[PDB]
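Cβ atoms come from the backbone with ideal geometry, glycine included; neighbour counts cover every protein chain shown. Please treat every number below as a calculation from the coordinates, not as lab data.
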Amino acid sequence: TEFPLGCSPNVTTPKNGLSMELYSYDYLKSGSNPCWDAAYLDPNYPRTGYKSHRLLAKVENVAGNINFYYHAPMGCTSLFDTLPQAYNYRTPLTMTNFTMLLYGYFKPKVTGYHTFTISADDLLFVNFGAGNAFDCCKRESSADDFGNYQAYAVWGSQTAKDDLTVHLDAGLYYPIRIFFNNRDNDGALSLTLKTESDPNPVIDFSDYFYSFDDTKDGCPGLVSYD
Ligand SMILES: CC(=O)N[C@@H]1[C@@H](O[C@@H]2O[C@H](CO)[C@H](O)[C@H](O)[C@H]2O)[C@@H](O)[C@@H](CO)O[C@H]1O
Ligand SMILES: [Ca+2]
């Protein structure tokens, strides 16, 4: 989907940042082999499965540089540390093993081709565009209905990095859904953006992430090129 669908909320003053939900990702019993839970690889773990784990927090206004690398002191051990400031979540959590979901809308600054590059330990699955992530101003009623991943990265597999090159209009807000998991040990998340004119990758998404309330009618995009 080189031409993803965007949305036109036409809201007075849009809310900055994405929404985030954190969930437990416990280790297997302390004599299991391997030590980590393999659920994160089940096809429905990112859709239904994470809901069977403990909710840690629902957070709003996630904006900034969301990238991090966490070096675990040791493996097969649940250890506590903190996320970067952009996450709006200040208390220590199990950085060695956890599940994290982000959702909202991406707003381009400049119309044209955008390349989002991702890499992750252990997993990062990205949906992008109306329908694919969720429907315009109808997130709640389409929350679990996301399509094929527009990018996906799994540590240790023959696709440990991925990118997505899409033509975007600055006039639209694009549904986005980012699902992360760390199963054990080190954790890492990299999202960068490359546009055709700007020389270097963008890593600070402060001005690009937004949240909008759902509306009865929805808010389909009012820019189209057919
Ligand atoms: C493959 C494997 O299990 N490696 C062990 C380490 O755990 C993995 O580490 C990688 C990072 O290199 C990654 O984060 C993955 O999610 C982890 O499961 C770790 O357990 C280490 C113990 O000191 O030993 C490796 O065998
Ligand atoms: Ca890991």
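Structural remarks
- Residues located in region 71-93, provided they are of a type in the set (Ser, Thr, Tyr) and crowded, with 20+ Cβ neighbours inside 10 Å: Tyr87
- Every test in (1) exposed (fewer than 14 other Cβ atoms within 10 Å of the Cβ); (2) closer than 30 Å to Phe212 by Cα is passed by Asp42 save one, and that test is (2).
- Selection of strands (runs of 3 or more DSSP E) fully inside region 103-197 by the criterion of at least 2 residues being among the polar types (S, T, N, Q) and more than 16 Å from ligand 1 (Cβ to nearest atom) returns 112-121, 187-195.
- Restricting attention to region 69-93, the residues that are closer than 25 Å to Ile203 by Cβ and more than 13 Å from ligand 1 (Cβ to nearest atom) total 13.
- Pairs, first closer than 14 Å to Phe180 by Cα in region 19-37, second more than 16 Å from ligand 2 (Cβ to nearest atom) and among the acidic types (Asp, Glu), C-beta under 8 Å, six or more apart: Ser19/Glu60; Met20/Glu60
- Close Cβ contacts (under 7 Å, 6 or more residues apart or on different chains) running from residues in region 77-100 that are within 19 Å of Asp122 (Cβ to Cβ) to residues that are in a helix (DSSP H, G or I) and not small (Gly, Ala, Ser) comprise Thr99/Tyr50.
- Residue match in region 54-64 (condition: free of Cβ contacts under 8 Å to residues at least 40 places away in the same chain, more than 12 Å from ligand 2 (Cβ to nearest atom), in a loop (DSSP other than H, G, I, E, B) and out of contact with any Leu (no Cβ under 9 Å at 6 or more places or on another chain)): yes
- When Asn132 is tested against (1) buried (at least 19 other Cβ atoms within 10 Å of the Cβ); (2) of a type in the set (S, T, N, Q); (3) without any contact (Cβ under 8 Å) to a residue 60 or more places away in the chain, exactly one condition is not met: (3).
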